[PDB]
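Participant: The structure under discussion is supplied below as C-alpha cells; questions concerning it will follow.
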Amino acid sequence: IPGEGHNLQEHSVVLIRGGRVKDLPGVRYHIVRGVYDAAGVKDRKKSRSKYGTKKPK
Amino acid sequence: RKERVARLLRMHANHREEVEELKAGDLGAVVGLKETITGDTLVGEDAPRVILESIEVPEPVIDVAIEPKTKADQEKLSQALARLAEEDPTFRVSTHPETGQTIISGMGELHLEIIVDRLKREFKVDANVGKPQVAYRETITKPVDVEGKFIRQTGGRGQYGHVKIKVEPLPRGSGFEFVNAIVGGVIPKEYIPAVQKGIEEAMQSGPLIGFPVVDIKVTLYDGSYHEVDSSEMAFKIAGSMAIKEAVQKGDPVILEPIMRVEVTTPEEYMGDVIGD
Amino acid sequence: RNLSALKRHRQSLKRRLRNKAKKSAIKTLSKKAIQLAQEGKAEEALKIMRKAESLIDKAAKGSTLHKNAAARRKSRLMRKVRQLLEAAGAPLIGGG
Amino acid sequence: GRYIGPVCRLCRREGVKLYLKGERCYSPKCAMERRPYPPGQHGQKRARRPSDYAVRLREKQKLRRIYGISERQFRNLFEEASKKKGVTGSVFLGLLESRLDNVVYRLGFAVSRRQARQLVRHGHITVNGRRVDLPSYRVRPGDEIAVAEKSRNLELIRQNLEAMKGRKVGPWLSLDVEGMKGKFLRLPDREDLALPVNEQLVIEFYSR
Amino acid sequence: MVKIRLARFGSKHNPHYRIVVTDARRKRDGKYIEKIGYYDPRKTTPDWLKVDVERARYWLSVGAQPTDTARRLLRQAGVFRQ
RNA sequence: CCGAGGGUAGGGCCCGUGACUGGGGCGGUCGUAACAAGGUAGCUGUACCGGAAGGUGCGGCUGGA
RNA sequence: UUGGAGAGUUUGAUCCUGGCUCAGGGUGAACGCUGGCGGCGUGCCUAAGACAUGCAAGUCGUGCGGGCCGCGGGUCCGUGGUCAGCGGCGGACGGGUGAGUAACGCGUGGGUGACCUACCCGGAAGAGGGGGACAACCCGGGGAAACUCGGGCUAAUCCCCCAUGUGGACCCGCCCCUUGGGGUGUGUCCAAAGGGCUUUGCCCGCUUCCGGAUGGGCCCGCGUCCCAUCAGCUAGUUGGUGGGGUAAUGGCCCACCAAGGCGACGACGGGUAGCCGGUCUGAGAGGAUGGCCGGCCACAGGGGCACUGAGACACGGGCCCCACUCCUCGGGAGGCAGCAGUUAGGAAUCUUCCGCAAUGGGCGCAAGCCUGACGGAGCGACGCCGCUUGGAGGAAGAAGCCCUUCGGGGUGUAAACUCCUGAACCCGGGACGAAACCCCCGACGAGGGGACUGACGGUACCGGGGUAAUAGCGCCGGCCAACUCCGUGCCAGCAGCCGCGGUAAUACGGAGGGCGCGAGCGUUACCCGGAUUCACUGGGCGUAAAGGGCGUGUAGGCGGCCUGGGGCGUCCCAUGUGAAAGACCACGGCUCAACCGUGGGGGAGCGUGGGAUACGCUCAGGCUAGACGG
Ligand code: SF4
Ligand SMILES: [Mg+2]
Ligand SMILES: [Mg+2]
Ligand SMILES: [Mg+2]
Ligand SMILES: [Mg+2]
Ligand SMILES: [Mg+2]
Ligand SMILES: [Mg+2]
Ligand SMILES: [Mg+2]
Ligand SMILES: [Mg+2]
Ligand SMILES: [Mg+2]
Ligand SMILES: [Mg+2]
Ligand SMILES: [Mg+2]
Ligand SMILES: [Mg+2]
Ligand SMILES: [Mg+2]
Ligand SMILES: [Mg+2]
Ligand SMILES: [Mg+2]
Ligand SMILES: [Mg+2]
Ligand SMILES: [Mg+2]
Ligand SMILES: [Mg+2]
Ligand SMILES: [Mg+2]
Ligand SMILES: [Mg+2]
Ligand SMILES: [Mg+2]
Ligand SMILES: [Mg+2]
Ligand SMILES: [Mg+2]
Ligand SMILES: [Mg+2]
Ligand SMILES: [Mg+2]
Ligand SMILES: [Mg+2]
Ligand SMILES: [Mg+2]
Ligand SMILES: [Mg+2]
Ligand SMILES: [Mg+2]
Ligand SMILES: [Mg+2]
Ligand SMILES: [Mg+2]
Ligand SMILES: [Mg+2]
Ligand SMILES: [Mg+2]
Ligand SMILES: [Mg+2]
Ligand SMILES: [Mg+2]
Ligand SMILES: [Mg+2]
Ligand SMILES: [Mg+2]
Ligand SMILES: [Mg+2]
Ligand SMILES: [Mg+2]
Ligand SMILES: [Mg+2]
Ligand SMILES: [Mg+2]
Ligand SMILES: [Mg+2]
Ligand SMILES: [Mg+2]
Ligand SMILES: [Mg+2]
Ligand SMILES: [Mg+2]
Ligand SMILES: [Mg+2]
Ligand SMILES: [Mg+2]
Ligand SMILES: [Mg+2]
Ligand SMILES: [Mg+2]
Ligand SMILES: [Mg+2]
Ligand SMILES: [Mg+2]
Ligand SMILES: [Mg+2]
Ligand SMILES: [Mg+2]
Ligand SMILES: [Mg+2]
Ligand SMILES: [Mg+2]
Ligand SMILES: [Mg+2]
Ligand SMILES: [Mg+2]
Ligand SMILES: [Mg+2]
Ligand SMILES: [Mg+2]
Ligand SMILES: [Mg+2]
Ligand SMILES: [Mg+2]
Ligand SMILES: [Mg+2]
Ligand SMILES: [Mg+2]
Ligand SMILES: [Mg+2]
Ligand SMILES: [Mg+2]
Ligand SMILES: [Mg+2]
Ligand SMILES: [Mg+2]
Ligand SMILES: [Mg+2]
Ligand SMILES: [Mg+2]
Ligand SMILES: [Mg+2]
Ligand SMILES: [Mg+2]
Ligand SMILES: [Mg+2]
Ligand SMILES: [Mg+2]
Ligand SMILES: [Mg+2]
Ligand SMILES: [Mg+2]
Ligand SMILES: [Mg+2]
Ligand SMILES: [Mg+2]
Ligand SMILES: [Mg+2]
Ligand SMILES: [Mg+2]
Ligand SMILES: [Mg+2]
Ligand SMILES: [Mg+2]
Ligand SMILES: [Mg+2]
Ligand SMILES: [Mg+2]
Ligand SMILES: [Mg+2]
Ligand SMILES: [Mg+2]
Ligand SMILES: [Mg+2]
Ligand SMILES: [Mg+2]
Ligand SMILES: [Mg+2]
Ligand SMILES: [Mg+2]
Ligand SMILES: [Mg+2]
Ligand SMILES: [Mg+2]
Ligand SMILES: [Mg+2]
Ligand SMILES: [Mg+2]
Ligand SMILES: [Mg+2]
Ligand SMILES: [Mg+2]
Ligand SMILES: [Mg+2]
Ligand SMILES: [Mg+2]
Ligand SMILES: [Mg+2]
Ligand SMILES: [Mg+2]
Ligand SMILES: [Mg+2]
Ligand SMILES: [Mg+2]
C-alpha cells in the first residue's frame with residue numbers, strides 16, 4: 001500500500017496491479033489507490049495520478 | 001460515469017407500465033442503469049454536475065480539548081490527525097473560533113481513548129488533553145421577531161446593514177433552514193451570500209452554555225440599506241446581532257445528546273445492571 | 001411458433017412415403033428375379049427383371065434414384081441374373 | 001495543438017536566436033539580446049558539459065520549435081523522409097518546408113510562423129485559387145499561394161505586404177506582390193537555407 | 001448462377017464499387033472470379049467506368065447474368081451496340 | 001443387427017487436500033571445520049563413527065609442501 | 001547493398017566471464033489523474049454460462065380448387081382484395097462463433113480412365129392418348145393448450161399407366177483407346193405440363209439428351225506447436241477375394257481367407273491450438289502472433305440419428321436421450337455462438353436506434369414483396385489522422401510567489417494594457433450519393449427518348465453575420481533532458497536495477513524553477529527488441545557454466561588422385577500457379593491527412609518444358625599418397 005496513510009482494512013474491496021517491492025519480499029503486487037475502498041491520498045499535489053488523487057482548485 | 005437510461009417503468013397493483021418520461025416531482029423505475037448504486041445523483045448529460053444531498057448526517061457528540069502543549073512541535077500533531085482523518089472519516093478535528101483552539105470530536109468516551117492513545121504512543125506529539133466532552137446544542141421553543149441593524153453611516157468608509165427575519169423553532173434533528181423571500185430589492189442581490197454567512201456563524205456560539213444552535217428557521221423577508229455606506233461585511237455583522245439575540249429571545253433550550261445502548265451481561269447481574 | 005417450414009415438413013412425409021414405396025418394390029422384385037435365376041427358370045427371371053429394370057429407371061425419373069444409382073441397380077441385377085443362369089442355359093426370352 | 005505561451009524563453013534555453021516572435025526579434029528589445037542565457041532560477045550558472053544525448057536532444061528541439069510543430073508530426077515527417085528516395089536530412093527539411101503554414105511565412109504574408117498559421121486556418125490564405133484552411137497542406141511545386149482575395153481588404157495583410165516590396169524571397173519562391181500571391185516553383189535545396197540546425201544531428205537522435 | 005455484379009469497396013460515404021463476376025451467392029464484397037472494370041458512381045474523377053468489354057462479352061456468352069444496374073453501366077459504355 | 005446413453009465391475013494418468021513428518025530458502029545458543037603450513041596441508045569417492053561443524057580408515061588429486 | 005548506438009550493477013582498484021535491470025516499437029486492451037471539435041476505423045479477449053421482450057426468410061393469383069368483405073345489377077355472373085390449403089422455387093446462400101480438431105483440418109502444388117452440380121448460356125430432339133389420389137371445404141369425437149382423428153367431395157405445373165425414342169441407361173460381343181475413356185452392333189429398359197397476353201402467334205414454364213459455365217465430393221507429394229520423466233502401438237489392425245453402400249474411390253461397411261501394418265526420420269500417449277492471406281517486431285536471419293477485413297474448416301444447449309432434396313445429416317426444419325427452465329395433473333413448450341437487449345462472470349467491451357435510397361440476395365413476366373446481409377445514425381479519447389484554446393505589439397521589466405552574498409537573481413513578453421483576426425454559436429441557401437427496373441417509337445433486341453424513387457439529412461459543404469474562446473499529465477540522484485529552499489531524521493516514505501532516508505536529502509513530502517510530452521500524459525498486463533544471453537547469419541567448454549572414467553563397435557554423419565556414363569542434388573532460361581485486401585513506388589479522390597481509388601512492380605515456393613556439368617550424388621574403369629597386410 002503506497003503513500004502516506006491509508007483507509008484499508010479487513011474486508012476492504014480492493015484492486016491490485018502487479019509490480020513488486022524490492023525490500024518487502026513475498027510482496028509482489030501493489031494496491032491501486034483511488035479505486036474501490038482504497039482511498040487516494042489527501043494533500044497530495046505531485047504525481048496525483050500514481051496516487052489516485054483528484055486535482056485541487 | 002456516464003450511464004444510459006434505456007426504458008422507464010411504473011409499478012401498479014397488477015401490471016407494469018412503460019412510460020416515455022418522468023417529470024420532476026414524480027418517481028418511478030428506470031431500466032438500463034449499470035454501476036449506479038442507491039443514494040446517487042443522476043443528472044442529464046448536458047447539465048450541472050451537482051450532487052444531491054443524498055446519504056447524510058455524520059455525526060459526532062463528544063469533544064475532548066487537546067492543546068498542542070509546546071509549541072513548535074505543533075504541526076506534527078496536525079500531521080497525525082490528518083492521516084487519522086483519512087483512516088477514519090467519522091470524527092472531526094474541528095477548531096473552536098473563540099478560544100482559537102483545536103478540538104477532537106468523536107462517537108463516545110472510548111473513541112478518543114483509542115485515538116489519543118495511539119496519538120501519543122504511535123507518533124509522539126508533545127500535547128495533552130483534559131477534558132470533559134460537553135456536546136450539547138441550542139434551539140428556540142417559540143418564534144420571535146427582531147431587527148438586524150448595523151446603522152454606522154459614519155466614516156464614509158462603509159458600515160451599514162439592516163436586517164429583518166422571522167426565526168421559528170424547527171422539528172428537532174432537522175438542523176438548518178433558510179428561505180429567502182426578499183421582496184422589491186430593499187436589500188441588493190449581492191448581500192444574500194453574506195447575510196446567510198452572517199447568520200451561519202452567529203449560531204456558532206450559544207446564549208446559555210454557548211454551543212452551536214440547530215433546529216431553526218430563518219425567513220429573510222425585509223431590510224434596508226445605504227448604497228454608499230452599505231458593505232458586504234455590514235450585513236455579515238448585521239445577521240450576527242439579530243441571530244445571536246433572537247435566539248436569546250424566544251426561549252433558548254439546551255438540547256442534549258442521547259445514546260441507544262446494547263448492554264450484554266450474564267443473567268445474574270441483570271437487575272444490578274438495569275436498576276443502575 | 002411459426003413458419004411454412006412445417007409446410008416443408010408435411011411435404012417431406014408424402015415425399016419419403018413414395019420413395020420408400022418405390023425403392024421397396026425394386027429390391028423385392030430384383031431379389032425375386034435373382035432368386036429365380038438361382039434356380040432358372042429361364043423365362044421367368046428376365047420377365048421379372050424386365051419389370052424390375054423398369055421400376056429402376058422409372059424411380060430414377062423422379063427424386064428417388066440417381067441415374068448412376070439406377071445405373072448400378074440395373075448393372076448388377078443383370079450381371080447376377082446372367083452369371084447365375086450360366087448354370088443351365090436356355091436364356092429365352094430377352095435381356096442379353 | 002501548437003505550443004502557445006512564453007517564447008523568449010525558448011530561444012534563451014536554445015542558446016541561439018530563433019525568429020519565433022516577429023517584429024521584436026530584430027529589435028534590441030528581444031530578451032535574447034539582453035539575456036543570452038537559459039530561463040529560470042539557474043540561468044547565469046556555469047553550465048555543466050553537455051552529453052551526446054543533450055547535444056542531439058537540443059538540436060532536435062530547436063528544429064521543431066523553429067516551425068512550431070507537434071512532436072508527433074515532426075517525427076511523422078522525419079520517418080517519411082527516411083523512407084523517401086535519397087538524402088534523409090535534406091528531404092526532411094524540404095518536406096517540412098513544403099508545409100502551408102510555413103510557405104505563407106517565407107513569402108512574408110506574415111511576421112511569425114505563429115501569426116501565419118492563424119491566417120491559413122481562418123481561410124485568409126489559399127492555394128491554387130481554392131481556399132485551404134489547414135496548416136499542414138503539402139505545398140506541392142507549381143502552386144498559387146494567394147491571399148483569399150475576399151480578405152485582402154485588411155489592415156494586417158497589406159501591412160506585411162507594405163513591408164515586403166523588394167526583399168529577395170526564397171530562390172524557390174516567386175512573390176508577385178500587389179497581386180497578393182506567390183508560387184512554389186521547386187522544393188528547396190539543402191544549401192538553399194542556413195537556419196541554426198545541424199540537420200545531421202536530428203538524424204542521429206531519432207536513431208537511438 | 002454466375003453473375004456480373006457490383007462489389008463495393010472504398011469507404012463509408014465513398015462508394016467505389018468494382019463491376020465484377022462472381023457466384024450468385026458470395027458475400028457481396030467476397031471472393032469473385034474476375035474483375036472486369038470499376039465504377040466510381042460519385043464521379044470524382046475522369047474515368048468512373050471502365051469495363052473490359054472484351055471480357056464483359058465473354059462472361060455474357062458462357063452464361064453469366066448481370067445486375068439490372070450493372071447493364072446500366074455495361075450499356076452506358078456500350079457492350080451491346082451492334 | 002448396430003446404436004445415444006444408462007448401469008455394473010476392474011484398471012491407468014492428472015489435480016486438489018491430509019494428523020504428522022523430511023529437509024529447503026529468507027531475518028539467540030554451542031563450538032571453530034574452512035580461508036595463511038589456518039595452528040592435524042586441503043580437497044576427494046567410499047566406509048564406519050560422533051551434539052554440531054566434523055574425525056578416522058582405504059585409495060586418489062595438487063587446486064599444497 | 002537507405003541497413004545495424006548502448007547503459008547501470010560483482011572489485012580497493014583491473015581485465016574477463018556472467019546473470020539481473022533499463023531507455024524502443026507494438027495492443028480488440030485496461031487502471032489513475034485530465035478531457036474541447038471532427039474524420040476514419042473500432043469495441044465480451046472472461047461463462048461455446050443462462051437468457052425476458054421485438055425483430056432476423058420468405059415469395060408466385062402468369063401452376064390449382066376453394067371461404068367473408070365488397071363492386072357495374074339479373075340469390076345470378078364477372079372481377080380484386082383477403083386468410084389459408086394443395087402445388088413450385090427459396091429456406092444448404094447470406095449472418096454468428098472458435099467449443100472441438102495436431103487432422104489431408106489448413107497451406108502450397110498436383111491427380112480424378114473414380115465422380116456431382118439447382119437456377120444461368122449454347123446445340124440437337126419433343127410435348128400423342130388415358131387414368132388416379134390427397135388437402136382445402138361439407139360432416140362426426142377430446143382437451144382448462146399444442147391440436148388431432150374417422151367418413152365423404154374435388155383442381156392442377158400433384159400422382160401413375162400405355163405411347164413416340166432425337167436421344168440416353170444395362171448386360172454380352174466387337175474396333176479404338178489404356179484404371180470405369182470414345183464408337184458400334186443385337187436384347188431389355190426409360191421421357192413429359194401446362195399457364196398467359198394484344199391470339200395461324202410472340203412470351204414465361206415442362207421433357208430426354210450432349211457441351212459449357214460456375215459451385216463441389218474424393219485422392220496424393222511436401223509444410224504446420226510442446227513433453228521421450230510418453231517407447232513401444234495395432235484385431236477392421238495391415239493386405240487379399242466377394243459383396244453392401246455412394247454421385248464416386250476406399251477396411252467406408254459385412255463375410256471369409258492371409259498374417260500383416262506403424263515406430264528414435266519419434267509411432268502410441270499426454271499437454272496445448274481452429275489454419276492461412278496477413279499482423280506486430282527486427283539491420284537481416286529470426287522471434288512472436290491470428291482480434292477486425294478476405295479465404296477454408298468446424299460447431300448451432302449436450303449428444304445421436306436420418307428424412308426431404310441439385311445440394312444438409314440442415315443455427316432461427318423433423319425424430320430420440322439428457323440437463324435446465326417454463327404452460328395445467330392425461331400432455332405440452334423452449335434453444336440469440338443472427339440484430340439489439342437482460343443477466344452472470346470480469347480489470348473490461350455499445351443502441352431494446354433509422355432505413356431498404358444504394359449495393360447484394362430470395363421469389364415473381366412484371367408491378368412488387370421479404371431482407372437486423374447491407375447502407376447509415378448513437379455511445380466509448382479504444383486507436384490513428386485533421387484542427388482549437390488565439391495572432392503582431394507591449395517595461396532594463398508591476399504586483400504576488402520563489403531564491404539570495406541583502407547589491408540582487410527568477411518566473412517574465414509572461415501578464416495587465418494596444419490594436420488585428422474570428423472555433424463556437426446566429427440567418428440564409430443546401431447536396432452528389434439516382435439511373436435502372438417501369439411507359440413510348442424501334443422489334444419486348446441494338447440504339448433514341450422521357451418519369452417516379454435519398455435513411456443518413458435541412459447533415460456536409462457554400463454565402464453573410466459573429467463572441468478571445470478547455471489544459472492537462474509524467475518526470476528533474478545515475479542510465480536520462482531538467483536544480484534550488486523548507487519539512488522530515490533509517491521516521492514518514494521512494495524504488496526498474498545500482499540504491500536514497502540515522503538534522504545541513506539535486507533521490508522522501510510540499511514550493512519555486514526547470515525538462516518532456518500536449519487532448520492527452522502516466523501505470524499495469526502481454527509480444528519482438530536490445531539479448532552475439534539457443535549464436536543459420538552469429539557463442540562456446542585448461543583454470544569462468546561446460547570433454548562422456550576408458551575402450552569396442554550399430555545406425556547416422558563425413559570422406560584421397562585420374563577418366564568415362566547418367567544429370568538426383570546444384571546452377572540458367574522459358575511457361576503456368578503464387579486470388580482480392582495489405583506492403584511497396586507513382587498518380588489521383590474526399591479542403592490536408594488518417595482513410596480511400598487507379599496503375600505499376602514482383603519475389604520466395606511448387607507444377608511443366610529446355611539447357612549446363614564445375615562441385616555433391618550415383619554407376620563403370622584406373623591408380624597408390626590414406627588404411628590393412630607380407
Ligand atoms: S529572438 Fe527576441 S523575439 Fe525572437 S524569440 Fe528570442 S527573444 Fe523573443
Ligand atoms: Mg470497509
Ligand atoms: Mg464496497
Ligand atoms: Mg418387403
Ligand atoms: Mg433424380
Ligand atoms: Mg433424394
Ligand atoms: Mg463399385
Ligand atoms: Mg469576414
Ligand atoms: Mg530505431
Ligand atoms: Mg455400448
Ligand atoms: Mg459404455
Ligand atoms: Mg438412458
Ligand atoms: Mg495424495
Ligand atoms: Mg579452523
Ligand atoms: Mg580439517
Ligand atoms: Mg588444518
Ligand atoms: Mg590450505
Ligand atoms: Mg574420507
Ligand atoms: Mg551429545
Ligand atoms: Mg572417530
Ligand atoms: Mg590419503
Ligand atoms: Mg572449481
Ligand atoms: Mg540499442
Ligand atoms: Mg551493487
Ligand atoms: Mg567475486
Ligand atoms: Mg563497491
Ligand atoms: Mg552485463
Ligand atoms: Mg527517456
Ligand atoms: Mg532499436
Ligand atoms: Mg466469445
Ligand atoms: Mg486475443
Ligand atoms: Mg423468445
Ligand atoms: Mg397464397
Ligand atoms: Mg476453436
Ligand atoms: Mg495429442
Ligand atoms: Mg496432412
Ligand atoms: Mg494437399
Ligand atoms: Mg431443389
Ligand atoms: Mg414407356
Ligand atoms: Mg472390397
Ligand atoms: Mg470391392
Ligand atoms: Mg477402419
Ligand atoms: Mg470382417
Ligand atoms: Mg488367419
Ligand atoms: Mg485438452
Ligand atoms: Mg481450443
Ligand atoms: Mg540483433
Ligand atoms: Mg477471421
Ligand atoms: Mg456437436
Ligand atoms: Mg448457449
Ligand atoms: Mg447439437
Ligand atoms: Mg440438440
Ligand atoms: Mg430446398
Ligand atoms: Mg455442417
Ligand atoms: Mg437439426
Ligand atoms: Mg438461433
Ligand atoms: Mg433452416
Ligand atoms: Mg446477441
Ligand atoms: Mg449488451
Ligand atoms: Mg461483476
Ligand atoms: Mg457497432
Ligand atoms: Mg434494397
Ligand atoms: Mg434490390
Ligand atoms: Mg431493419
Ligand atoms: Mg476523438
Ligand atoms: Mg479513459
Ligand atoms: Mg533588474
Ligand atoms: Mg522583480
Ligand atoms: Mg527584484
Ligand atoms: Mg502575446
Ligand atoms: Mg441525388
Ligand atoms: Mg413497342
Ligand atoms: Mg440552415
Ligand atoms: Mg458523418
Ligand atoms: Mg463564417
Ligand atoms: Mg487573452
Ligand atoms: Mg517522462
Ligand atoms: Mg541530466
Ligand atoms: Mg515524523
Ligand atoms: Mg517520485
Ligand atoms: Mg547526514
Ligand atoms: Mg534538508
Ligand atoms: Mg527520482
Ligand atoms: Mg525533492
Ligand atoms: Mg491528435
Ligand atoms: Mg525480453
Ligand atoms: Mg535472437
Ligand atoms: Mg541464458
Ligand atoms: Mg536468459
Ligand atoms: Mg554458430
Ligand atoms: Mg558464451
Ligand atoms: Mg548442470
Ligand atoms: Mg570446468
Ligand atoms: Mg578424460
Ligand atoms: Mg558406417
Ligand atoms: Mg557417403
Ligand atoms: Mg571425393
Ligand atoms: Mg535438375
Ligand atoms: Mg496479392
Ligand atoms: Mg491529393
Ligand atoms: Mg492494385
Ligand atoms: Mg572405382
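FYI, nothing fancy with the C-alpha cells labels: chains A, B, ... in order, residues from 1 per chain, ligands from 1 as they appear.
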Determine, using only C-alpha atoms (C1' of nucleotides) and all ligand atoms, which residues of chain G have any atom at most 6 Å from an atom of ligand 34, and tabulate each with its shortest atom pair and distance in Å to one decimal place, rows ordered by chain and then rising number, as JSON lines.
Facilitator:
{"residue": "G:98", "atom": "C1'", "partner": "ligand 34", "partner_atom_place_in_ligand_line": "1 (Mg)", "distance": 3.6}
{"residue": "G:99", "atom": "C1'", "partner": "ligand 34", "partner_atom_place_in_ligand_line": "1 (Mg)", "distance": 5.8}
{"residue": "G:274", "atom": "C1'", "partner": "ligand 34", "partner_atom_place_in_ligand_line": "1 (Mg)", "distance": 4.6}
Participant: How would the residues just picked look written out with N, CA, C and O atoms (P, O5', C5', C4', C3', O3' and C1' of nucleotides) as a PDB file, in the first residue's frame?
Facilitator:
ATOM      1  P     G G  98     -15.353 -16.224 -30.715  1.00  0.00           P
ATOM      2  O5'   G G  98     -14.879 -17.741 -30.942  1.00  0.00           O
ATOM      3  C5'   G G  98     -14.808 -18.656 -29.844  1.00  0.00           C
ATOM      4  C4'   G G  98     -14.351 -20.044 -30.233  1.00  0.00           C
ATOM      5  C3'   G G  98     -12.837 -20.224 -30.368  1.00  0.00           C
ATOM      6  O3'   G G  98     -12.431 -21.563 -30.002  1.00  0.00           O
ATOM      7  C1'   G G  98     -13.877 -20.680 -32.428  1.00  0.00           C
ATOM      8  P     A G  99     -12.090 -21.994 -28.477  1.00  0.00           P
ATOM      9  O5'   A G  99     -13.516 -22.511 -28.026  1.00  0.00           O
ATOM     10  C5'   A G  99     -13.764 -22.950 -26.709  1.00  0.00           C
ATOM     11  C4'   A G  99     -14.652 -24.155 -26.732  1.00  0.00           C
ATOM     12  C3'   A G  99     -14.012 -25.403 -27.296  1.00  0.00           C
ATOM     13  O3'   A G  99     -13.213 -26.052 -26.349  1.00  0.00           O
ATOM     14  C1'   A G  99     -16.078 -25.086 -28.328  1.00  0.00           C
ATOM     15  P     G G 274      -7.858 -21.661 -29.855  1.00  0.00           P
ATOM     16  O5'   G G 274      -8.218 -22.645 -31.071  1.00  0.00           O
ATOM     17  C5'   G G 274      -8.266 -22.138 -32.401  1.00  0.00           C
ATOM     18  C4'   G G 274      -8.007 -23.182 -33.466  1.00  0.00           C
ATOM     19  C3'   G G 274      -7.101 -22.750 -34.613  1.00  0.00           C
ATOM     20  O3'   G G 274      -5.737 -22.985 -34.349  1.00  0.00           O
ATOM     21  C1'   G G 274      -9.083 -23.652 -35.487  1.00  0.00           C
TER      22        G G 274
END
Participant: Using only C-alpha atoms (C1' of nucleotides) and all ligand atoms, determine which residues fall within 10 Å of ligand 64, then list them as an MDAnalysis selection string.
Facilitator: chainID G and resid 55:56 339 354:356 371:372 374
Participant: Give as a list in words the residues surrounding ligand 69 up to a distance of 12 Å, considering only C-alpha atoms (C1' of nucleotides) and all ligand atoms.
Facilitator: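 Based on only C-alpha atoms (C1' of nucleotides) and all ligand atoms, ligand 69 is surrounded within 12 Å by residues 396, 397, 398, 399, 402, 403, 404, 406, 407, 408, 409, 410 and 411 of chain G.
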Participant: If we count only C-alpha atoms, which residues of chain A reach to within 7 Å of chain B? Please list them as a ChimeraX atom specification.
Facilitator: /A:5-7
Participant: Would you return as a list in words the members of chain A that DSSP assigns to strand (DSSP E) on this structure's backbone?
Facilitator: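 Residues meeting the strand (DSSP E) criterion: residues 16, 17, 18, 29, 30 and 31 of chain A.
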Participant: Would you mind listing the residues within 10 Å of ligand 23, counting only C-alpha atoms (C1' of nucleotides) and all ligand atoms, as number ranges by chain?
Facilitator: D: 207-208; G: 4-7, 23-24, 529-530
Participant: Residues up to 12 Å from ligand 65, counting only C-alpha atoms (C1' of nucleotides) and all ligand atoms: could you list those as a PyMOL selection string?
Facilitator: chain G and resi 35-41+380-387+519-520
Participant: Got a sec to check which residues lie within 6 Å of ligand 6, using only C-alpha atoms (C1' of nucleotides) and all ligand atoms, and send them as a list in words?
Facilitator: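 Final answer, ordered by chain and number: residues 63 and 64 of chain C; 309 of chain G.
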Participant: Residues of chain F that approach ligand 13 to 12 Å or less, counting only C-alpha atoms (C1' of nucleotides) and all ligand atoms: could you list each one with the shortest pair of atoms and its distance in Å to one decimal, rows by chain and increasing residue number, as a tab-separated table?
Facilitator:
residue	atom	partner	partner_atom_place_in_ligand_line	distance
F:14	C1'	ligand 13	1 (Mg)	11.4
F:15	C1'	ligand 13	1 (Mg)	10.0
F:16	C1'	ligand 13	1 (Mg)	8.9
F:17	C1'	ligand 13	1 (Mg)	7.8
F:18	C1'	ligand 13	1 (Mg)	8.4
Participant: Show me, as a PyMOL selection string, every residue of chain C with an atom at most 7 Å from chain G, counting only C-alpha atoms (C1' of nucleotides).
Facilitator: chain C and resi 5+9+12+15-16+50+53-54+57-58+71+74-75+78-79+94-96
Participant: Please return as a ChimeraX atom specification the residues found within 10 Å of ligand 8, counting only C-alpha atoms (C1' of nucleotides) and all ligand atoms.
Facilitator: /D:122-124,150-151 /G:421-422,464-466
Participant: Write out as a list in words which residues come within 8 Å of stretch 102-107 of chain B when counting only C-alpha atoms (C1' of nucleotides), dropping same-chain ones fewer than 2 positions away.
Facilitator: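 Within the cut-off, the hits are residues 59, 60, 61, 62, 63, 64, 65, 66, 67, 90, 91, 92, 93, 94, 95, 96, 100, 109, 110, 111 and 112 of chain B.
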Participant: With only C-alpha atoms (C1' of nucleotides) as the counted atoms, please give the residues lying no more than 10 Å from residue E:3, apart from itself and same-chain residues fewer than 6 positions off, as a list in words.
Facilitator: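 Once the nearby chain positions are removed, what remains is residues 20, 21, 22, 23, 24, 25, 32, 33, 59, 60, 63, 64, 65, 66 and 67 of chain E; 120 and 214 of chain G.
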Participant: Residues at most 8 Å from residue A:19, counting only C-alpha atoms (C1' of nucleotides), excluding those fewer than 4 positions away in the same chain, as a list in words?
Facilitator: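 Here the qualifying residues turn out to be residues 28, 29 and 30 of chain A; 524 of chain G.
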